[PDB]
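Given next, in structure tokens, is a single chain: the form deposited in one PDB entry.
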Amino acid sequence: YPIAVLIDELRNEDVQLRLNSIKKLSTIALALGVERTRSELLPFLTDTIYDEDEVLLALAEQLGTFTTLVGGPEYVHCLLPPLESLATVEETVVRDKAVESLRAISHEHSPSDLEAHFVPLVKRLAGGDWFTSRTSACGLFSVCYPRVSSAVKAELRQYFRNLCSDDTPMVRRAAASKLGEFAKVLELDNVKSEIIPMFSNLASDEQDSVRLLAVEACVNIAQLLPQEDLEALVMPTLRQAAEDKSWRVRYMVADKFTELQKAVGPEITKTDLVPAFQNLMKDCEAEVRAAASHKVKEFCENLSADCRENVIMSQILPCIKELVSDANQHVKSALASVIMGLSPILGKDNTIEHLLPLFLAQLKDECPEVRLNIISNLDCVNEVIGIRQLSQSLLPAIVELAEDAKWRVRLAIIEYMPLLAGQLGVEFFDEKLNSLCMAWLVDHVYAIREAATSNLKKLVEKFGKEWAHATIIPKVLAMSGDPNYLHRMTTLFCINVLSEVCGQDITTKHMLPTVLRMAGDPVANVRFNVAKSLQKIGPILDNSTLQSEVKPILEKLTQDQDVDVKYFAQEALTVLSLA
């Protein structure tokens, strides 16, 4: 309410005290009336302030929300003087915040004062002396184009063409970054005559950092043109961008390749995009081969169905037989993430003849990330070929990966094991795969041990309780006499997940005498894991055994020497309501 008090607080020589007093600029404007903040507060921000860039960043973030505190959407052009000064500041985090706030303010404008206050603001930033103002002018053409008159929007196209032909490459890099966004609000005959010559010039630019941004503009331009003139306008620019001498432009064609396939159409994809895709997979730079290997599944999914399996088997598949044996490890790992996904496209018999040797060659690769990516999609080939064919060709490679050196590869087989065991049947699992799941429980890595206990819960839901009682219950109860204390707790961890699925009778008569026996274990870590397990399997037992066999053990563990055994037993007595 006094203006002469807070003018010195916002001009205080401490920098932090100017920062807190300007982050609370909404509460100062709320205390002032909506007419005096136009006449005193906003000219003060216009005239006086210029400071540290942390203050200017906080100032630009506040003024994007002042559209109600200034008097509503018909007085919002008073926020344009201060925001124009922050759009020319050299630091890039404040002039990006100022151009972000300038777009939010522009929607509150009328269509009449857009041509009176916002369009002259864009034309003054676009004709500024320094490049920091011309860069901030590039992000303001799309939010003010489609609401102005035809004579004004003819001037906006001229001022955008001057930014695309700028002297400095910093503005040309920012004009090309907003070329696709600006082209989506133009009419069709003006994209065809004004956007195309300024898109074709930015793709023949001397700086490759400008040329690669014209490739991302080629996706947005081609998707709003009709299919008949894509050959005479867009296609010679895209054909010379795939053959560019800079690898950074060839990387952007390969990274945006599936978006170029949907935007252009299915007919020019057969003619031009398929031979251009072969040259990107056989590229001299390993970064371009890895980018063209990520797209090898999605490119073949969206081909025309009249010629899908003929193009893949004759043009694509000879090129991916050489990316399997590539020298670089990123291209081998990128192909392996998506090579199993083109198994439903080729069919059953083409997968056995042509794709199955490529899968076995990557299940035995020396890189662990190639082996990780090829396991994670093993169900997708399982629905194409049968379980009789999976068990013949790929199952000796899966059993061999169950004892892999890297534990992440061992973990990927365990997560696939309940899906594989359900299809193979219980008579095949007990003979050839049951010893694999029991050998994971005594592994050295703990994350393999805890993934094998959760594997035992998923196995008995698919096979039943009486399969567990005859096969895997006496295997995990003999683990309680292991002289390593890390494996004695695995018996307790197995009982925590098996008790909820094998019911009350198997828990009381087979697993409860084991958790009560090892409550006199010498290691203290086993002794409170007994008390943490009696809390877990407690509700599954009935009230008769909970008061005569569980409660006298939990009372003895509260007299233990160790403080953590004494705590967890006392915690289990209240959860079991035995206090």
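Definition used throughout: the rigid core is the maximal C-alpha set that superposes within 1.5 Å between two forms. From 1 onward, residues are counted along the sequence shown.
The discussion below concerns the form deposited in another entry, not included here.
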Original post:
Just one of 142, 200, 471, 315 has a CA that shifts 2 Å or more between this form and the one not shown on a core fit; which is it?
Top reply: 471
Original post:
residue 236: with the rigid core matched between this form and the one not shown, does its Cα shift 2 Å or more?
Top reply: no
Subject >> Threshold 2 Å Cα movement between this form and the one not shown for residue 405, core superposed >> reply: yes
Original post:
Is there a C-alpha shift of 2 Å or more at residue 520 between this form and the one not shown once the rigid core is superposed?
Top reply: no
Subject >> Comparison of CA distance in that other deposited form with shown form for residue 374, residue 426, at least 3 Å >> reply: closer
Original post:
So the Cα-Cα distance between residue 407 and residue 381 shifts by 3 Å or more in that other deposited form; is it shorter or longer than what we see here?
Top reply: farther
